[PDB]
There are 2 protein chains.
Amino acid sequence: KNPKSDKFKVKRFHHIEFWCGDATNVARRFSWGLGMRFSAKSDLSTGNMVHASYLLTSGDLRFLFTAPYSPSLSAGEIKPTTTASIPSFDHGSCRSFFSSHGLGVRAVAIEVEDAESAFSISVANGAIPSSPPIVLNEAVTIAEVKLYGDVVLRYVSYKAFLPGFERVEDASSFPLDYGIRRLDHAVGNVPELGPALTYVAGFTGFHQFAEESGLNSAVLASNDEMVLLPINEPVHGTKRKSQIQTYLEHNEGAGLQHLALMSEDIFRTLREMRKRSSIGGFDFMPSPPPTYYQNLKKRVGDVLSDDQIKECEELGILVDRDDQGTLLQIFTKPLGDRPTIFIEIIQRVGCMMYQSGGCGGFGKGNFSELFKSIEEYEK
Amino acid sequence: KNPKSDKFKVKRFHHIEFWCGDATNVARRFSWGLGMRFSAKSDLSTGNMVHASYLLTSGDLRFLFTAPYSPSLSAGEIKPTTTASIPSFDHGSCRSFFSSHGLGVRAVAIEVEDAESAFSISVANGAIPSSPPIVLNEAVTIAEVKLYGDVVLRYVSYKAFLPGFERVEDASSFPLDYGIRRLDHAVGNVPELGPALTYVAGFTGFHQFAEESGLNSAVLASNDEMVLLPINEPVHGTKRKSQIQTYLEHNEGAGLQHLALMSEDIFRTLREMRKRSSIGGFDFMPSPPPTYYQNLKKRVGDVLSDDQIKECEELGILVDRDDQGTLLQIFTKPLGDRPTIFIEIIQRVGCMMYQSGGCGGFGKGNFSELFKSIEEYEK
Ligand SMILES: Cc1cc2c(=O)n(-c3ccc(F)cc3)c(=O)n(C)c2cc1C(=O)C1=C(O)CCCC1=O
Ligand SMILES: Cc1cc2c(=O)n(-c3ccc(F)cc3)c(=O)n(C)c2cc1C(=O)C1=C(O)CCCC1=O
Ligand SMILES: [Co+2]
Ligand SMILES: [Co+2]
């Protein structure tokens with residue numbers, strides 16, 4: 001059931017912003033590890049005396065990495081005279097965020113028809129304002145409201161990346177590409193799911209998307225179900241400690257848990273990322289036992305050939321299936337020092353009309369399947 | 001003239017410690033960019049609830065990257081009960097360092113015969129204590145005194161990496177190597193060179209090493225001149241703004257300016273690093289005009305073949321010459337967001353007896369040679 005109750009016009013995911021202590025080193029690591037090109041910058045070289053911001057792109061996926069400079073460089077400025085290209089930036093907020101959470105997502109940005117209205121309607125419907133709407137060079141409007149923890153939902157709208165960002169030199173811009181194409185979903189961890197759901201669905205009008213693991217969760221979705229925002233809470237007293245609870249302890253509270261990036265060819269993406277795991281890229285979760293792949297034929301054998309199923313086994317890919325489509329997925333190890341944020345790589349097969357959002361779900365059944373497999377392997 | 005006045009027995013450079021906000025991402029970037037292997041770790045997986053520390057090695061070069069966890073993880077601990085593997089670590093000092101300076105070197109560590117005596121003699125001769133000597137598992141003693149700004153000189157001594165560090169899994173440890181072999185010199189920037197020299201030479205007994213640019217500098221050296229510690233100060237009012245002054249402004253004061261890493265084959269090192277500049281590695285300074293290489297034959301043509309001189313031209317290598325030997329050198333762009341710390345790659349040819357320290361100097365003459373070349377090119 002989809003009541004299409006969005007209180008304002010939402011388009012797609014626009015970008016994800018990481019708050020860092022050094023944006024250069026994180027962005028270069030992410031670029032090599034994920035195969036994303038350097039596409040725009042705003043920093044001292046572009047006249048920004050406030051923050052350094054570097055944008056990586058792959059397909060429609062946009063990752064932004066921002067860190068503060070010394071406040072001394074901009075001590076003479078006032079908000080009207082700021083050289084910051086993202087006017088919601090604040091030195092103190094950014095330093096406080098990174099010392100509290102470490103490396104993590106500050107902003108989940110969605111493109112909307114009108115960011116001023118989206119902000120107004122949101123706040124009128126209970127959203128906690130974070131940064132009021134501001135118009136950038138009469139071209140782009142940006143506004144922010146609180147989402148969960150210290151994460152904000154950022155609204156972006158264009159009359160016709162951002163003003164004040166320059167295209168970097170293509171000599172500096174090597175055309176890496178491992179097949180990642182867009183952001184599929186962005187997941188939050190909270191201590192209590194009920195209040196978090198009521199709050200976010202309350203101000204967006206997003207609807208609940210049709211669905212012994214250590215969590216309960218629910219998925220909020222926009223009208224066409226292309227903006228997908230799941231939220232998790234821990235379940236306590238399960239002998240095996242909830243991953244959600246471990247997140248909350250190491251992150252100092254609620255925050256973004258994982259980003260799921262859609263690949264146009266998950267096999268090529270994972271070959272390319274795994275080649276780089278030990279030379280600056282990303283590590284992946286432990287592979288499941290071969291039993292899991294020995295039971296895969298009896299479940300998705302009509303969707304994937306036996307060549308592709310053993311190709312899943314080499315790479316550690318998981319497969320799950322809803323009633324409309326099939327989901328191929330895998331998880332990275334945490335992206336930084338803390339066991340908090342990680343990345344999921346996915347590919348969806350089915351639900352063609354274009355592909356409808358959420359085709360195959362989010363891997364729900366792989367919990368019971370992996371537990372059972374573990375037991376079958378030991379035997 | 002070498003009076004050999006060291007007030008305690010110094011051996012070699014032992015390691016350089018970077019204080020980061022996220023040690024994982026900086027260490028992975030540095031590993032790929034410089035060709036350094038992951039060799040030891042101390043973090044949650046080794047029981048360290050205080051800081052995450054990752055060691056990279058290439059030849060005898062040891063780069064350590066450390067970041068704090070949430071203080072909440074170790075709130076029950078006291079210094080006697082700490083799980084930190086580096087007992088001088090302090091959450092507040094580290095957060096204050098990185099928010100003040102950004103990514104940079106916290107510790108220049110030298111191996112000494114006896115770290116407790118080195119600390120005592122140093123302090124008795126004017127050094128400002130930073131962390132008193134502490135014995136680690138009856139095996140290693142470590143002590144720290146202030147060097148300049150928020151950089152410390154760390155003394156390390158072994159009765160027979162550090163206790164509490166584990167060797168990482170060789171699956172995780174890819175044997176990268178681009179030819180870097182050891183730390184040659186570590187350079188500080190201060191506002192006033194005189195007081196900085198008097199202070200450091202005062203407590204070490206290091207002696208001044210035999211020597212319109214925007215700086216004055218001087219080099220302190222241990223008895224055998226293998227530990228080399230140059231220091232720079234700005235010269236003001238030169239039309240072209242002093243790089244030392246730009247450093248001091250963006251770094252919020254004194255600190256480490258550059259690390260010079262010796263390569264056993266600078267041509268292979270720079271080929272390998274330049275291949276990776278645009279895919280997560282390090283960028284290099286702008287190349288000099290071909291005029292500079294057109295004047296190189298008339299200066300070092302007896303040391304390098306005309307094939308090797310044009311090989312310098314491809315790679316942007318600089319060449320300078322003292323009276324004892326020749327110096328091949330090149331500089332990276334700054335390592336992080338701020339125009340502060342950078343790296344120099346070097347190779348020294350001459351002064352064999354082993355190679356004596358400082359053979360060829362530090363590139364003194366390349367200042368006038370590059371200015372003149374610039375003028376000859378324009379013509
Ligand atoms: C957060 C998460 C954890 C696991 C997980 O922990 N395991 C898992 C691994 C290893 C074992 F041994 C057992 C279970 C999984 O298989 N999957 C498929 C998982 C999927 C997700 C996930 O992507 C997600 C949610 O579940 C609810 C909100 C929507 C969403 O995006
Ligand atoms: C800090 C530094 C700057 C430059 C420099 O700025 N230039 C330079 C580039 C480009 C132009 F256009 C003009 C000069 C150089 O050539 N060299 C060779 C340089 C060498 C050093 C250096 O390594 C050093 C010192 O000079 C004194 C203390 C010992 C030490 O290690
Ligand atoms: Co997911
Ligand atoms: Co140097």
Side-chain angles (χ1 to χ4, degrees), chain A residues 184-189 193 209 213-220 228-233 242-244 247 257-260 285-289 292 316 318-320 327-331 342-346 358 360-370 373-374, chain B residues 184-189 193 209 213-220 228-233 242-244 247 257-262 285-289 292 316 318-320 327-331 342-346 358 360-370 373-374:
Chain A
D184 181 89
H185 56 266
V187 175
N189 277 2
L193 172 63
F209 179 93
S213 81
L215 59 96
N216 308 313
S217 51
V219 180
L220 292 174
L228 306 171
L229 295 179
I231 303 177
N232 308 325
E233 72 170 357
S242 171
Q243 80 199 60
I244 313 301
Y247 179 104
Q257 181 204 42
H258 73 276
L259 301 160
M285 76 213 268
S287 272
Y292 175 92
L318 301 321
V319 189
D320 194 19
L327 169 67
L328 316 167
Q329 57 181 176
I330 197 178
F331 300 93
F342 54 94
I343 274 166
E344 176 188 1
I345 310 296
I346 54 105
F362 302 87
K364 171 69 217 218
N366 269 317
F367 283 101
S368 152
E369 183 68 40
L370 279 174
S373 207
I374 287 162
Chain B
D184 181 89
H185 56 266
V187 175
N189 277 2
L193 172 63
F209 179 93
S213 81
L215 59 96
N216 308 313
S217 51
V219 180
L220 292 174
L228 306 171
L229 295 179
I231 303 177
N232 308 325
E233 72 170 357
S242 171
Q243 80 199 60
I244 313 301
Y247 179 104
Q257 181 204 42
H258 73 276
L259 301 160
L261 321 176
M262 184 172 276
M285 76 213 268
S287 272
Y292 175 92
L318 301 321
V319 189
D320 194 19
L327 169 67
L328 316 167
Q329 57 181 176
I330 197 178
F331 300 93
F342 54 94
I343 274 166
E344 176 188 1
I345 310 296
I346 54 105
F362 302 87
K364 171 69 217 218
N366 269 317
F367 283 101
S368 152
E369 183 68 40
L370 279 174
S373 207
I374 287 162

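Numbered from 1 within each chain, the chains take letters A, B, ... in sequence-line order. Numbering of ligands and ligand atoms starts at 1, following listing order. The figures that follow rest on heavy atoms only: side chains count, while hydrogens, waters and symmetry mates do not.
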How far apart are the closest heavy atoms of A:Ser373 and A:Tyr292, and which atoms are they?
OG-N, 2.7 Å
Between the candidates B:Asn232, B:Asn216, B:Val187, which shows the shortest non-hydrogen contact distance to atom 28 (C) of ligand 2?
B:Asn232
In this structure, does ligand 2 have an atom that sits under 4.0 Å from one of the heavy atoms of B:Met285?
no
Any idea which atoms of ligand 2 are less than 4.0 Å away from a heavy-atom of B:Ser217?
27 (C), 28 (C)
Any idea which heavy atoms bring A:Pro288 and A:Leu318 closest together, and the distance?
CG-CD1, 3.9 Å
Closest heavy-atom approach to atom 17 (N) of ligand 1 among A:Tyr292, A:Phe331, A:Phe209 is made by A:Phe331
Take every heavy atom of B:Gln329, measure it against each atom of ligand 2, and state whether any distance is under 4.0 Å.
yes
Test item: B:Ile244 and B:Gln257 side chains (from C-beta on) under 4.5 Å apart, heavy atoms
yes
Looking at every non-hydrogen atom in both residues, tell me the closest pair between A:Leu193 and A:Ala218 and how far apart they are.
CD2-N, 4.1 Å
State the atom name: nearest N, O or S atom of B:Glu344 to the Co ion (ligand 4).
OE1
Could you see which bit of B:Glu344 sits under 4.0 Å from ligand 2, with heavy atoms only: side chain, backbone, both or neither?
side chain
Find all atoms of ligand 2 within a distance of less than 4.0 Å from any non-hydrogen atom belonging to B:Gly363, and give their numbers and elements.
18 (C)
Nearest-0.5 Å distance that lies between atom CD1 in B:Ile345 and atom CG in B:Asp184
11.0 Å
Is there any N or O on B:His258 that sits under 3.5 Å from an N or O of ligand 2?
yes
Could you check whether any side-chain heavy atom of B:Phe362 comes within less than 4.5 Å of a side-chain heavy atom of B:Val187, counting everything from C-beta outward?
no
Ligand-residue contact atoms, ligand 2 with B:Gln243, heavy atoms, under 4.0 Å:
1 (C), 3 (C), 6 (O)
Write down the atom of A:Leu259, the atom of A:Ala186, and the distance for their closest heavy-atom approach.
CD2-CB, 4.0 Å
Taking 4.0 angstrom as the limit and counting only heavy atoms of B:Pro230, give me the atoms of ligand 2 inside it, by number and element.
28 (C), 29 (C)
Provide the number and element of each atom of ligand 1 under 4.0 Å from a heavy atom of A:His185.
31 (O)
Side chain to side chain donor-acceptor pair (under 3.5 Å), that's the test. Do A:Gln329 and A:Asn366 meet it? Break it down for me.
CA-CA 10 Å; A:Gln329 57 181 176; A:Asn366 269 317; 3.0 Å; yes
Indicate the ring-plane relationship of A:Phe331 and A:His258, choosing parallel, tilted or perpendicular according to the 30° and 60° boundaries.
perpendicular
Angle at the Co ion (ligand 4) between NE2 of B:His258 and NE2 of B:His185, to 10°?
100°
